[PDB]
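Chemist: Using the authors' numbering, the letters of the sequence shown correspond one by one to residues 2 to 258. Beta carbons: idealized from backbone N, C-alpha and C, even for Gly.
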Amino acid sequence: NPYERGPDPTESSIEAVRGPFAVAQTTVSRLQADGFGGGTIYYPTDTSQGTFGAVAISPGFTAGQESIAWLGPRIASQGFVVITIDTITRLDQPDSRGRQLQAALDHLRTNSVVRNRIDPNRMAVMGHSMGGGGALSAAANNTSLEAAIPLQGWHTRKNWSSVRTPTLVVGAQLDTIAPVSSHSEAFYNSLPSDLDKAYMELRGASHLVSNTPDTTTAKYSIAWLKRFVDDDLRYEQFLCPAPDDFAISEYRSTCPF
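#1: Please tell me whether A179 and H208 are closer than 8 angstroms, where the distance is taken between their beta carbons.
#2: By Cβ distance, which residues of its chain are closer than 6 angstroms to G132, with the 5 residues on each side in sequence left out?
#3: Tell me whether the region 183–198 and the region 215–226 touch, counting them as touching only if at least three CB pairs, one residue from each stretch, are closer than 8 angstroms.
#4: By how many angstroms is the C-alpha of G205 removed from the C-alpha of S138?
#5: Got a sec, what are the start and stop residues for the beta strand (DSSP E) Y252 sits in?
#6: Using three-state DSSP, classify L92 as helix, strand or coil.
#7: Compare the Cα-Cα distances from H156 to each of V164, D96 and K198 and report the closest residue.
#8: Distance check for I15 and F239, CA to CA, integer angstroms please.
#9: Which residues in the same chain as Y200 place their Cβ atom closer than 6 angstroms to its Cβ, once the five residues preceding and following it in sequence are excluded?
#10: Assess, as a yes-or-no matter, whether the region 84–95 is touched by the region 37–54 under the definition of 3 or more beta carbon pairs within less than 8 angstroms.
#11: Express the C-alpha separation of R235 and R6 in angstroms, rounding to a whole number.
#12: Whose C-beta lies closer than 6 angstroms to the C-beta of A243 among residues of the same chain, with five residues either side of it excluded?
#13: Give the C-beta separation of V164 and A141 to the nearest angstrom, bearing in mind that I take them to be a contact with Cβ-Cβ under 8 angstroms.
#14: Which first and last residues belong to the alpha helix (DSSP H) in which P74 is found?
#15: For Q26, does the three-state DSSP call read helix, strand or coil?
#16: Express the C-alpha separation of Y4 and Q174 in angstroms, rounding to a whole number.
#17: Please specify which runs of the beta strand (DSSP E), each continuous and at least 3 residues long, are wholly inside the region 100–184, giving them in chain order.
#18: So the alpha helix (DSSP H) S13 belongs to, where does it begin and stop?
#19: What does the alpha-carbon distance come out to for the pair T63 and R91?
#20: My output table needs one value for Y4: the three-state DSSP class, helix, strand or coil.
#21: Using only the alpha-carbon positions, how far apart do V29 and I42 sit?
This is how it looks when you write it as structure tokens:
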């Protein structure tokens, strides 16, 4: 597998606050960003194993990058180029956030610091709340995306039958802002039956669970991105069959992938 990066994984490795790749960062100004509000790019400094897949992450309604910043280096240190974005306005709705995520991914191919560190065929989108609805919107607009991970996603669009991207839907059991019954689980149910997809509900969690480090969110996001952005079979073991972590109150999937 030419996209395999890093040593063979374990539970400890996917839980790591920092994986083996040392991470640096660079800024995209608001004016440099066409179609989004700027962002921070986190990237592995080690180029000796080849190029990396790229991930764009959107915050939710009223939020800046500070609510998603922890994901940037935590994911990048597993071997990914990750951009955490600011939106055009903090009031932007999910469809617009989806366009902004795509614009951020397109920007990485032009950025002088990271354009030669990225494999242009291996990209993914993630987001919190309205940014998670944006991740689903971006996947619906671009069927070549390799992974989509909405965290406590919110969207008025409930039908995702046009998505062709492997999608991990992360819900919070006690979310009152984006209740799983009408948001996260509804999205899972309308994604195609023939898609590689999973729904992971975090026990006892509120809508804000993604705003500060959460090991369960990180470890399964990392395993999902490794499996689908890197085609890394070594990570299938964490996704299929259902993980038994106490922090997970429900897991649904189309395993085996």
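Modeler: If we stick to the structure as given:
#1: Translated into positions along the sequence shown, residue 179 becomes position 178. Translated into positions along the sequence shown, residue 208 becomes position 207. Closer than 8 angstroms, so yes.
#2: Numbered from its first residue, the sequence shown carries residue 132 at position 131. Taken in chain order, the residues that qualify are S59, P60, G61 and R98.
#3: no
#4: One-based indexing of the sequence shown puts residue 138 at position 137. One-based indexing of the sequence shown puts residue 205 at position 204. Looking at the two C-alpha atoms, the distance is approximately 27 angstroms.
#5: Stepping through the sequence shown from its first residue, residue 252 is reached at position 251. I249 to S254 is the span of the beta strand (DSSP E), which, as asked, contains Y252.
#6: Indexing the sequence shown from 1 puts residue 92 at position 91. DSSP places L92 in coil when its eight states are reduced to three.
#7: Along the sequence shown, one-based indexing puts residue 156 at 155. Checked all of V164, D96 and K198; the closest Cα to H156 is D96.
#8: As a first step, residue 239 must be located in the sequence shown, where it is residue number 238. As a first step, residue 15 must be located in the sequence shown, where it is residue number 14. Taking the straight line from one Cα to the other gives about 9 angstroms.
#9: For this step, residue 200 is matched to residue 199 along the sequence shown. Same-chain partners within the cutoff: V170, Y189 and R253.
#10: yes
#11: Start at 1 with the first residue of the sequence shown, and residue 6 comes out as number 5. Start at 1 with the first residue of the sequence shown, and residue 235 comes out as number 234. Cα to Cα, the separation comes out at about 11 angstroms.
#12: Here the question's residue 243 lines up with position 242 in the sequence shown. Excluding positions up to five away in sequence, the list reads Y252.
#13: Residue numbering aside, residue 164 sits at position 163 when the sequence shown is read from its first letter. Residue numbering aside, residue 141 sits at position 140 when the sequence shown is read from its first letter. Indeed they touch by this definition, with Cβ atoms about 6 angstroms apart.
#14: The residue you call residue 74 lines up with position 73 of the sequence shown. Element bounds for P74: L72 to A77.
#15: The sequence position of residue 26 within the sequence shown is 25, counting from 1. The answer is strand: DSSP assigns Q26 an E or B state.
#16: The count along the sequence shown starts at 1 and reaches residue 174 at position 173. The count along the sequence shown starts at 1 and reaches residue 4 at position 3. Between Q174 and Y4, the C-alpha separation is close to 35 angstroms.
#17: 119–129, 148–152 and 168–173
#18: Your numbering for residue 13 matches position 12 in the sequence shown. It spans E12 to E16 - the alpha helix (DSSP H) in which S13 sits, taken as one unbroken run.
#19: The count along the sequence shown starts at 1 and reaches residue 63 at position 62. The count along the sequence shown starts at 1 and reaches residue 91 at position 90. Answer to the nearest angstrom: the Cα atoms are 5 angstroms apart.
#20: To locate residue 4, count along the sequence shown from 1; it is residue 3. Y4 falls in the coil class under three-state DSSP.
#21: On the sequence shown, position 28 is the one that residue 29 refers to. On the sequence shown, position 41 is the one that residue 42 refers to. Each residue's alpha carbon lies about 7 angstroms from the other.
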